[PDB]
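Throughout the sequence shown, residue numbering follows the numbering used here, covering 14 to 236 in sequence. To start, the structure itself, in structure tokens.
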Amino acid sequence: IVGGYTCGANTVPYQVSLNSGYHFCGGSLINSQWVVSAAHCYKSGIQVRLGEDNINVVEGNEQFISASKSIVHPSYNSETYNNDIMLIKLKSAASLXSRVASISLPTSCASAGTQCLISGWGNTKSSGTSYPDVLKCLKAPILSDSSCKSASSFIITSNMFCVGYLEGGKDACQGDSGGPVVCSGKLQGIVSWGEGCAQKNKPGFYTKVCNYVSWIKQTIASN
Ligand SMILES: COC(=O)[C@H](Cc1cccc(C(=N)N)c1)NC(=O)CNS(=O)(=O)c1ccc(C)cc1
Ligand SMILES: [Ca+2]
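Written as structure tokens, this is what we have:
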């Protein structure tokens, strides 16, 4: 997260870090057994780490649980990033408490101008690199369809939406992928892609979770 702030230990209790010997992506806990992340975060041998603030220090509120199954969306297209969403089932149920909590799925898509919370352990610089050990937070508004649509030279589908600032300086970045965008108390987005980070006229693109609730519910009902 570029241009954001230190969240505070466990203030975003649905935030997960995905670890394959190091943090590589974020995720959102949607109930005691399931994490939602980005399909582009798919890899073998994932350990889900809940209750994290400093990802390099055991602070006393962590739960580390191995993934038992990963399910990339059936129509994920890595070329276009369309349908960039994946479900990860935990080997055992998380113990839910104030510091480890699920986030609700939305029942409607959020509106343009709504302020959302984006969070992660990704790069904090628009140029160069610095990776934080504690969770970073950014408040940013959903952009209009028309300003999102003209935000890139690449194709933008109705399964994507934009959140951020066209002036630059505030955005998600490398390592925040898969993590949450929460608006109106629900999971409305997944950190998906962008051109660099925090570049003028180049806002973040996010998987539109409201379009996937039926598939998530179906899938977790049978796995
Ligand atoms: C990979 O390096 C990066 O710094 C960012 C990471 C990233 C990930 C998710 C969200 C954001 C964000 N700013 N909201 C940033 N991605 C890129 O910069 C990728 N852009 S890119 O322009 O370099 C690019 C474009 C097309 C292809 C096929 C590969 C790479
Ligand atoms: Ca820790």
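Built from N, CA and C at the ideal position, the CB exists for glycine as well.
Terminal residues of the alpha helix (DSSP H) in which residue i lies
i	result
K82	Element bounds for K82: not the alpha helix (DSSP H) but the beta strand (DSSP E), 76 to 85.
Residue i: CB within 7 Å of a non-hydrogen atom of ligand 1
i	result
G217	yes
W206	yes
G181	no
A234	no
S166	no
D97	no
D189	yes
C161	no
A185	yes
Contacting residues, own chain, Cβ-Cβ under 8 Å from residue i (five flanking each side not counted)
i	result
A51	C38, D97, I98, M99, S190, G191, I203, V204, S205, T220
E75	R62, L63, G64, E65
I59	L31, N32, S33, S79, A80, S83, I101
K183	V15, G16, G17, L151, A153, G177, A211
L200	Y27, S41, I43, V49, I116, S117, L118, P119, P193, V194, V222
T232	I84, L100
residue 240	This structure cannot speak to residue 240, because the chain is shown only from 14 to 236.
Endpoints, the beta strand (DSSP E) within which residue i is located
i	result
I229	Taken as a continuous stretch (DSSP letters only), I229 belongs to no beta strand (DSSP E), being part of the alpha helix (DSSP H) at 226 to 233.
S159	Counting along the chain, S159 falls outside any beta strand (DSSP E), though it belongs to the alpha helix (DSSP H) covering 158 to 162.
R62	60 to 63
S30	28 to 32
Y219	217 to 221
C175	173 to 176
Beta-ladder partner(s) of residue i, from DSSP
i	result
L130	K152, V195
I101	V48, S83
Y18	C150
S117	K199
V204	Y219
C38	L31
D66	Paired residue(s): none; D66 is not in a bridge.
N214	Paired residues: none, contrary to the question.
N90	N95
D184	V15
Heavy atom of ligand 2 within 7 Å of residue i beta-carbon
i	result
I78	no
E72	yes
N67	yes
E92	no
Residues near residue i in its chain [Cβ-Cβ closer than 6 Å; skip 5 each side]
i	result
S157	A125
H36	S30, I68, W134
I43	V49, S115
residue 239	Residue 239 lies beyond the range of the chain shown here (14 to 236); nothing can be said about it.
Contact test: residue i Cβ vs ligand 4 heavy atom, cutoff 7 Å
i	result
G209	For ligand 4, the structure offers nothing, since it holds only ligand 1 and ligand 2.
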